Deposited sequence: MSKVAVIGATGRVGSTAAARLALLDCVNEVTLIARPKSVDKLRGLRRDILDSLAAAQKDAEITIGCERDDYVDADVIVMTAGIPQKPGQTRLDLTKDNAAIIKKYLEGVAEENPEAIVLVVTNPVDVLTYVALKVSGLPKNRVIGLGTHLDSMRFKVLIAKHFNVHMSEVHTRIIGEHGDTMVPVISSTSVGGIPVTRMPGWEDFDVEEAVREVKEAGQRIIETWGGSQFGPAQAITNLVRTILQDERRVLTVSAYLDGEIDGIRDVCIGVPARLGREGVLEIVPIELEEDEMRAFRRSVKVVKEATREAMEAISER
């Protein structure tokens, strides 16, 4: 198995690459960056190889900077993105240009490649990546609200003082201010969270507000999320390369599987396997949850239209 990380010189890309190289299912991690930055990857390669020696894990760490260095990869993780007088539309256009530059026409050379988009806006860029690459709709996904769900899982776990793995929550919709917390599918130790003593003392709105602002708050303090998305990326890649066929919230192309919504890449629960999105599970969203989703799909569709019009 070959996993190429586009933008490995970056905060998320470097950490994702290091953790990805520890997975037993990953046999090669290719570090990809711009030509002038290849020298920076040489230092990262040696550093990761040292970490693998300490963990007694085997993995080949290669470096590249062209299409032929990663197009043949089983999974391509897109972590390249411009840093933050710039509106959200300008960032989307610049980052979209990077998506096209790297992923355009990948299907012609590798029709069986899976692309995991991390660059923000992940929902919009996940759609851009799918169209420029020409790959099937199930072989392109984005981190989406996967990380948002983990952040919401932290708050729930700490409130009940339970192990983090005891909480299972789910946030769908955009990776932004229109995300939709699915409380109906949130549980603590298999128990519906609504039936948990303490839920009444849990300020959902406040918690949901922290998750929405967590991305910006981390950038303003630490400089940007790093280990969170690195580990989330590792988990998604492991689920794919090992064909675990498990449902995970990711940004995927909708084709009428939920409320007949179509032609949009947004965060939804999808069963992931070696062949990508094996299916988009229909959820029993409540009235308010379904409404909030619709508003989220409208925002993503609008932003996606503006992004595609600019890539033209």
| item | value |
| --- | --- |
| Deposited-sequence segments unaccounted for in the coordinates | 1, 86 to 87, 316 to 317 |
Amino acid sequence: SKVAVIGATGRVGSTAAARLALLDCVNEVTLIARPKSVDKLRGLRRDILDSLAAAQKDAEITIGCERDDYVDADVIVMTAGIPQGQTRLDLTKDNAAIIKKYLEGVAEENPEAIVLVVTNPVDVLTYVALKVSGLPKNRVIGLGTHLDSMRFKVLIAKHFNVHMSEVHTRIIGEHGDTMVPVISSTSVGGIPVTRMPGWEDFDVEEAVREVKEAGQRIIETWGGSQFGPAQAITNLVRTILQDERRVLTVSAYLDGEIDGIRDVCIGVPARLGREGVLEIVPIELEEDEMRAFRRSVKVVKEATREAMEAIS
From here on, numbers count along this sequence of modelled residues.
{"property": "Given 300 to 308 and 7 to 15, the range whose Cα B-factors average higher in the PDB entry", "result": "300 to 308"}
{"property": "Mean C-alpha B-factor comparison - 194 to 202 and 161 to 169, higher one", "result": "194 to 202"}
{"property": "Among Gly144, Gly176, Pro83, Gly223 - the residue whose C-alpha B-factor is largest in the record", "result": "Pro83"}
{"property": "Which of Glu60, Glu257, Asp50, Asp243 ranks first by CA B-factor in the deposited coordinates", "result": "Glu257"}
{"property": "Chain thirds of CA B-factor: placement of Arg34", "result": "highest"}
{"property": "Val124 - which third its CA temperature factor falls in, relative to the rest of the chain", "result": "middle"}
{"property": "Third assignment of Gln231 from its chain's C-alpha B-factors", "result": "lowest"}
{"property": "Record-listed C-alpha B factor of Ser187: chain third", "result": "middle"}
{"property": "CA B-factor ranking of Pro282, expressed as a third of its chain", "result": "highest"}
